[PDB]
2 protein chains.
Amino acid sequence: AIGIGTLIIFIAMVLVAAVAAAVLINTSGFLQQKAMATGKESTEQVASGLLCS
Amino acid sequence: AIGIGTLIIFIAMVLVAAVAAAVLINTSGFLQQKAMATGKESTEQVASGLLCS
């Protein structure tokens, strides 16, 4: 009798951990973009310019 | 079971990094003002004067 239930709730544990992992993976992806963008943009700003002759 | 908690503490990590960033951004702002002011003022002082004829 006991055995049956153990299996069922095990399934839930798996899925819930999976769902949480998805958040972390996805979010890391979302940030990767902006992180790079910010650095490149900021460098081009400080480095570039024109000079009156 | 484990999944649930991971999500919650993730939220905190975000907010704490945000709060710290705010300090750095703000502070940079606060300094920007005085930095410029000091330079302009100091130049006007050294350059200006009157001369007896």
# chains A, B, ... in the order shown; residues from 1 in each chain; ligands from 1

$ closest_atom_pairs --of "chain A" --to "chain B" --cutoff "6 Å" --atoms "only C-alpha atoms" --output "tab-separated table"
residue	atom	partner	partner_atom	distance
A:16	CA	B:3	CA	5.6
A:17	CA	B:3	CA	4.3
A:20	CA	B:3	CA	5.3
